[PDB]
file model.cif (mmCIF, C-alpha atoms (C1' of nucleotides))
data_model
loop_
_atom_site.group_PDB
_atom_site.id
_atom_site.type_symbol
_atom_site.label_atom_id
_atom_site.label_comp_id
_atom_site.auth_asym_id
_atom_site.auth_seq_id
_atom_site.Cartn_x
_atom_site.Cartn_y
_atom_site.Cartn_z
ATOM 1 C CA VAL A 441 58.457 56.999 -4.319
ATOM 2 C CA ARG A 442 57.656 54.458 -7.050
ATOM 3 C CA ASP A 443 59.003 50.901 -6.908
ATOM 4 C CA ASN A 444 56.344 49.127 -8.982
ATOM 5 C CA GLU A 445 57.316 48.474 -12.594
ATOM 6 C CA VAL A 446 53.959 49.932 -13.730
ATOM 7 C CA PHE A 447 55.052 53.537 -14.196
ATOM 8 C CA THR A 448 55.652 55.333 -17.503
ATOM 9 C CA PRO A 449 56.985 58.830 -18.336
ATOM 10 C CA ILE A 450 53.422 60.115 -18.751
ATOM 11 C CA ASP A 451 52.330 59.536 -15.144
ATOM 12 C CA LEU A 452 55.537 61.271 -14.019
ATOM 13 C CA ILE A 453 54.740 64.698 -15.496
ATOM 14 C CA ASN A 454 52.485 67.463 -14.170
ATOM 15 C CA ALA A 455 51.333 70.154 -16.593
ATOM 16 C CA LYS A 456 50.092 72.303 -13.711
ATOM 17 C CA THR A 457 53.568 73.073 -12.371
ATOM 18 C CA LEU A 458 54.549 74.702 -15.693
ATOM 19 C CA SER A 459 51.224 76.311 -16.577
ATOM 20 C CA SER A 460 51.166 77.901 -13.116
ATOM 21 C CA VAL A 461 54.493 79.692 -13.554
ATOM 22 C CA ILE A 462 53.744 80.811 -17.103
ATOM 23 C CA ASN A 463 50.253 82.090 -16.249
ATOM 24 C CA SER A 464 51.582 83.850 -13.148
ATOM 25 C CA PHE A 465 54.185 85.606 -15.287
ATOM 26 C CA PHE A 466 51.598 86.648 -17.866
ATOM 27 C CA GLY A 467 49.031 87.738 -15.290
ATOM 28 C CA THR A 468 50.830 89.358 -12.358
ATOM 29 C CA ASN A 469 54.323 90.430 -13.454
ATOM 30 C CA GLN A 470 54.900 94.173 -13.695
ATOM 31 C CA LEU A 471 56.480 93.674 -17.125
ATOM 32 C CA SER A 472 53.423 91.865 -18.544
ATOM 33 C CA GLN A 473 51.576 95.127 -19.073
ATOM 34 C CA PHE A 474 48.165 96.052 -20.421
ATOM 35 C CA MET A 475 48.901 97.235 -23.945
ATOM 36 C CA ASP A 476 48.294 100.865 -24.884
ATOM 37 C CA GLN A 477 45.621 100.233 -27.516
ATOM 38 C CA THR A 478 44.416 103.804 -28.067
ATOM 39 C CA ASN A 479 45.909 104.154 -31.557
ATOM 40 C CA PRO A 480 48.496 102.292 -33.665
ATOM 41 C CA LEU A 481 51.231 104.657 -32.493
ATOM 42 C CA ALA A 482 50.462 103.765 -28.869
ATOM 43 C CA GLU A 483 50.895 100.056 -29.632
ATOM 44 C CA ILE A 484 54.093 100.616 -31.598
ATOM 45 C CA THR A 485 55.502 102.691 -28.733
ATOM 46 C CA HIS A 486 54.502 100.263 -25.975
ATOM 47 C CA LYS A 487 56.056 97.368 -27.898
ATOM 48 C CA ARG A 488 59.325 99.349 -28.118
ATOM 49 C CA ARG A 489 59.389 100.435 -24.471
ATOM 50 C "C1'" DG B 1 101.070 98.962 37.283
ATOM 51 C "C1'" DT B 2 96.078 98.784 37.331
ATOM 52 C "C1'" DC B 3 91.060 100.101 37.313
ATOM 53 C "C1'" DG B 4 86.971 103.258 36.473
ATOM 54 C "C1'" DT B 5 85.490 107.496 33.460
ATOM 55 C "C1'" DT B 6 84.567 110.461 29.725
ATOM 56 C "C1'" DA B 7 84.141 111.880 25.112
ATOM 57 C "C1'" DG B 8 84.143 110.865 20.420
ATOM 58 C "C1'" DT B 9 83.399 107.795 17.145
ATOM 59 C "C1'" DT B 10 81.165 103.496 14.728
ATOM 60 C "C1'" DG B 11 77.807 100.161 13.580
ATOM 61 C "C1'" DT B 12 73.129 99.309 13.817
ATOM 62 C "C1'" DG B 13 68.102 100.072 14.270
ATOM 63 C "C1'" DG B 14 63.605 102.666 13.772
ATOM 64 C "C1'" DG B 15 60.934 106.381 11.195
ATOM 65 C "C1'" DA B 16 59.494 110.191 7.373
ATOM 66 C "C1'" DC B 17 58.983 110.630 1.944
ATOM 67 C "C1'" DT B 18 52.119 116.677 -2.028
ATOM 68 C "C1'" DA B 19 47.571 116.747 -3.613
ATOM 69 C "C1'" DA B 20 43.118 114.943 -7.696
ATOM 70 C "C1'" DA B 21 41.849 110.234 -10.491
ATOM 71 C "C1'" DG B 22 41.752 104.705 -10.728
ATOM 72 C "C1'" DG B 23 41.704 100.235 -8.686
ATOM 73 C "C1'" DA B 24 42.129 94.250 -13.734
ATOM 74 C "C1'" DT B 25 45.398 90.364 -12.095
ATOM 75 C "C1'" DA B 26 47.182 84.153 -10.063
ATOM 76 C "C1'" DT B 27 48.061 81.495 -6.999
ATOM 77 C "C1'" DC B 28 52.357 73.351 -7.756
ATOM 78 C "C1'" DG B 29 53.864 69.262 -5.251
ATOM 79 C "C1'" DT B 30 48.877 63.527 -3.415
ATOM 80 C "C1'" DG B 31 49.116 58.178 0.905
ATOM 81 C "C1'" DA B 32 45.530 54.311 1.756
ATOM 82 C "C1'" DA B 33 41.741 52.365 3.961
ATOM 83 C "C1'" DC B 34 37.707 51.865 7.009
ATOM 84 C "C1'" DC B 35 34.138 53.788 9.959
ATOM 85 C "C1'" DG B 36 30.801 57.081 11.240
ATOM 86 C "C1'" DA B 37 27.558 60.685 10.375
ATOM 87 C "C1'" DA B 38 23.272 62.676 8.678
ATOM 88 C "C1'" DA B 39 20.758 63.954 4.878
ATOM 89 C "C1'" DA B 40 17.884 62.319 1.537
ATOM 90 C "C1'" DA B 41 13.897 59.192 -0.899
ATOM 91 C "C1'" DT B 42 10.852 55.636 -0.979
ATOM 92 C "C1'" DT B 43 6.955 53.344 0.754
ATOM 93 C "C1'" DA B 44 2.377 52.348 3.485
ATOM 94 C "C1'" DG B 45 -2.047 53.743 4.902
ATOM 95 C "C1'" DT B 46 -7.925 55.956 4.462
ATOM 96 C "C1'" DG B 47 -12.840 57.355 1.109
ATOM 97 C "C1'" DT B 48 -20.355 60.354 1.210
ATOM 98 C "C1'" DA B 49 -25.554 61.972 -0.038
ATOM 99 C "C1'" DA B 50 -29.964 63.481 1.267
ATOM 100 C "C1'" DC B 51 -32.934 63.961 4.496
ATOM 101 C "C1'" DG B 52 -37.545 66.452 8.657
ATOM 102 C "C1'" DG B 53 -38.867 71.056 10.345
ATOM 103 C "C1'" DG B 54 -37.396 75.881 11.047
ATOM 104 C "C1'" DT B 55 -35.146 79.916 9.959
ATOM 105 C "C1'" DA B 56 -30.967 83.345 8.587
ATOM 106 C "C1'" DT B 57 -29.880 85.641 4.120
ATOM 107 C "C1'" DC B 58 -30.143 86.692 -1.202
ATOM 108 C "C1'" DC B 59 -32.838 88.156 -6.014
ATOM 109 C "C1'" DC B 60 -37.265 89.416 -8.079
ATOM 110 C "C1'" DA B 61 -42.014 91.193 -8.710
ATOM 111 C "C1'" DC B 62 -45.898 93.932 -6.986
ATOM 112 C "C1'" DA B 63 -48.680 97.298 -3.903
ATOM 113 C "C1'" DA B 64 -49.335 101.267 -1.259
ATOM 114 C "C1'" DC B 65 -58.279 102.497 -4.668
ATOM 115 C "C1'" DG B 66 -62.006 105.223 -5.387
ATOM 116 C "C1'" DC B 67 -67.165 105.673 -5.026
ATOM 117 C "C1'" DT B 68 -72.124 105.071 -2.973
ATOM 118 C "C1'" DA B 69 -75.522 104.105 0.390
ATOM 119 C "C1'" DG B 70 -77.482 103.383 5.375
#

call {"tool": "encode", "arguments": {"input": "model.cif", "output": "structure tokens"}}
result
Amino acid sequence: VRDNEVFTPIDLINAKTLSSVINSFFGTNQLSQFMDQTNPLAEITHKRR
DNA sequence: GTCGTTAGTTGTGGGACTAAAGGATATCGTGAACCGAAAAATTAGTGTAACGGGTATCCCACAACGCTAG
């Protein structure tokens, strides 16, 4: 869309379009699970599931 | 030789899948410019004090006797 010479590779980039995907993965994916934090064994088992 | 009929597929579509507890999520991409609407803030303008009688009420104090003679 840009034809003016006043445009640099900073104005071209949106952080939102990457942060959105990463936050969606870490907040709503079935594999991003609430850790079993009852005891150390629960953590060490959940991390090896 | 040709056309309707019947039964047995065959592919495709619609409908089921305990009970109890619990129950947190994250959610892009951008084009400009002017006009209208109403909701809000700022500004401009007017003011009493005691007196006469007469009488309604209040608080505040006091009274509500006893004896003798014609």

call {"tool": "interface_residues", "arguments": {"input": "model.cif", "of": "chain B", "to": "chain A", "cutoff": "7 Å", "atoms": "all atoms listed in the file", "output": "CSV table (one decimal) with C-alpha atoms (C1' of nucleotides), in the frame of the given file"}}
result
chain,number,residue,atom,x,y,z
B,25,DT,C1',45.4,90.4,-12.1
B,26,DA,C1',47.2,84.2,-10.1
B,28,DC,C1',52.4,73.4,-7.8

call {"tool": "atom_distance", "arguments": {"input": "model.cif", "atom1": "CA of residue 473 in chain A", "atom2": "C1' of residue 21 in chain B"}}
result
19.9 Å

call {"tool": "atom_distance", "arguments": {"input": "model.cif", "atom1": "CA of residue 449 in chain A", "atom2": "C1' of residue 32 in chain B"}}
result
23.6 Å

call {"tool": "atom_distance", "arguments": {"input": "model.cif", "atom1": "CA of residue 448 in chain A", "atom2": "CA of residue 462 in chain A"}}
result
25.6 Å

call {"tool": "axis_aligned_box", "arguments": {"input": "model.cif", "around": "range 8-27 of chain B", "padding_each_side": "4 Å", "output": "lines of an AutoDock Vina configuration file"}}
result
center_x = 62.9
center_y = 99.1
center_z = 3.3
size_x = 50.4
size_y = 43.3
size_z = 42.2

call {"tool": "build_atoms", "arguments": {"input": "model.cif", "residues": "range 453-467 of chain A", "atoms": "N, CA, C and O atoms", "output": "PDB file, in the frame of the given file"}}
result
ATOM      1  N   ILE A 453      54.672  63.296 -15.099  1.00  0.00           N
ATOM      2  CA  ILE A 453      54.740  64.698 -15.496  1.00  0.00           C
ATOM      3  C   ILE A 453      53.454  65.405 -15.098  1.00  0.00           C
ATOM      4  O   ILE A 453      52.355  64.878 -15.305  1.00  0.00           O
ATOM      5  N   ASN A 454      53.600  66.596 -14.525  1.00  0.00           N
ATOM      6  CA  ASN A 454      52.485  67.463 -14.170  1.00  0.00           C
ATOM      7  C   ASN A 454      52.523  68.701 -15.056  1.00  0.00           C
ATOM      8  O   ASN A 454      53.528  69.420 -15.082  1.00  0.00           O
ATOM      9  N   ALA A 455      51.432  68.944 -15.785  1.00  0.00           N
ATOM     10  CA  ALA A 455      51.333  70.154 -16.593  1.00  0.00           C
ATOM     11  C   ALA A 455      51.074  71.383 -15.733  1.00  0.00           C
ATOM     12  O   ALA A 455      51.415  72.508 -16.130  1.00  0.00           O
ATOM     13  N   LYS A 456      50.472  71.182 -14.560  1.00  0.00           N
ATOM     14  CA  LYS A 456      50.092  72.303 -13.711  1.00  0.00           C
ATOM     15  C   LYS A 456      51.310  73.086 -13.247  1.00  0.00           C
ATOM     16  O   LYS A 456      51.269  74.316 -13.173  1.00  0.00           O
ATOM     17  N   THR A 457      52.405  72.394 -12.931  1.00  0.00           N
ATOM     18  CA  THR A 457      53.568  73.073 -12.371  1.00  0.00           C
ATOM     19  C   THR A 457      54.259  73.990 -13.374  1.00  0.00           C
ATOM     20  O   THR A 457      55.013  74.877 -12.961  1.00  0.00           O
ATOM     21  N   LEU A 458      54.026  73.801 -14.672  1.00  0.00           N
ATOM     22  CA  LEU A 458      54.549  74.702 -15.693  1.00  0.00           C
ATOM     23  C   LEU A 458      53.531  75.774 -16.064  1.00  0.00           C
ATOM     24  O   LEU A 458      53.875  76.962 -16.182  1.00  0.00           O
ATOM     25  N   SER A 459      52.277  75.356 -16.259  1.00  0.00           N
ATOM     26  CA  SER A 459      51.224  76.311 -16.577  1.00  0.00           C
ATOM     27  C   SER A 459      51.076  77.354 -15.483  1.00  0.00           C
ATOM     28  O   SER A 459      50.797  78.520 -15.776  1.00  0.00           O
ATOM     29  N   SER A 460      51.285  76.965 -14.225  1.00  0.00           N
ATOM     30  CA  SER A 460      51.166  77.901 -13.116  1.00  0.00           C
ATOM     31  C   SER A 460      52.182  79.024 -13.235  1.00  0.00           C
ATOM     32  O   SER A 460      51.833  80.205 -13.135  1.00  0.00           O
ATOM     33  N   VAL A 461      53.450  78.676 -13.460  1.00  0.00           N
ATOM     34  CA  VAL A 461      54.493  79.692 -13.554  1.00  0.00           C
ATOM     35  C   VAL A 461      54.258  80.590 -14.759  1.00  0.00           C
ATOM     36  O   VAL A 461      54.376  81.820 -14.669  1.00  0.00           O
ATOM     37  N   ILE A 462      53.912  79.997 -15.904  1.00  0.00           N
ATOM     38  CA  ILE A 462      53.744  80.811 -17.103  1.00  0.00           C
ATOM     39  C   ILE A 462      52.547  81.750 -16.964  1.00  0.00           C
ATOM     40  O   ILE A 462      52.627  82.937 -17.314  1.00  0.00           O
ATOM     41  N   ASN A 463      51.427  81.249 -16.437  1.00  0.00           N
ATOM     42  CA  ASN A 463      50.253  82.090 -16.249  1.00  0.00           C
ATOM     43  C   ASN A 463      50.498  83.162 -15.197  1.00  0.00           C
ATOM     44  O   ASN A 463      50.015  84.290 -15.335  1.00  0.00           O
ATOM     45  N   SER A 464      51.242  82.838 -14.139  1.00  0.00           N
ATOM     46  CA  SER A 464      51.582  83.850 -13.148  1.00  0.00           C
ATOM     47  C   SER A 464      52.420  84.956 -13.768  1.00  0.00           C
ATOM     48  O   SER A 464      52.184  86.143 -13.510  1.00  0.00           O
ATOM     49  N   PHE A 465      53.392  84.590 -14.605  1.00  0.00           N
ATOM     50  CA  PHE A 465      54.185  85.606 -15.287  1.00  0.00           C
ATOM     51  C   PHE A 465      53.313  86.481 -16.175  1.00  0.00           C
ATOM     52  O   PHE A 465      53.451  87.709 -16.176  1.00  0.00           O
ATOM     53  N   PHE A 466      52.406  85.872 -16.934  1.00  0.00           N
ATOM     54  CA  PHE A 466      51.598  86.648 -17.866  1.00  0.00           C
ATOM     55  C   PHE A 466      50.424  87.356 -17.208  1.00  0.00           C
ATOM     56  O   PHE A 466      49.744  88.138 -17.877  1.00  0.00           O
ATOM     57  N   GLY A 467      50.160  87.102 -15.932  1.00  0.00           N
ATOM     58  CA  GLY A 467      49.031  87.738 -15.290  1.00  0.00           C
ATOM     59  C   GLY A 467      49.365  88.705 -14.176  1.00  0.00           C
ATOM     60  O   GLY A 467      48.581  89.620 -13.905  1.00  0.00           O
TER      61      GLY A 467
END
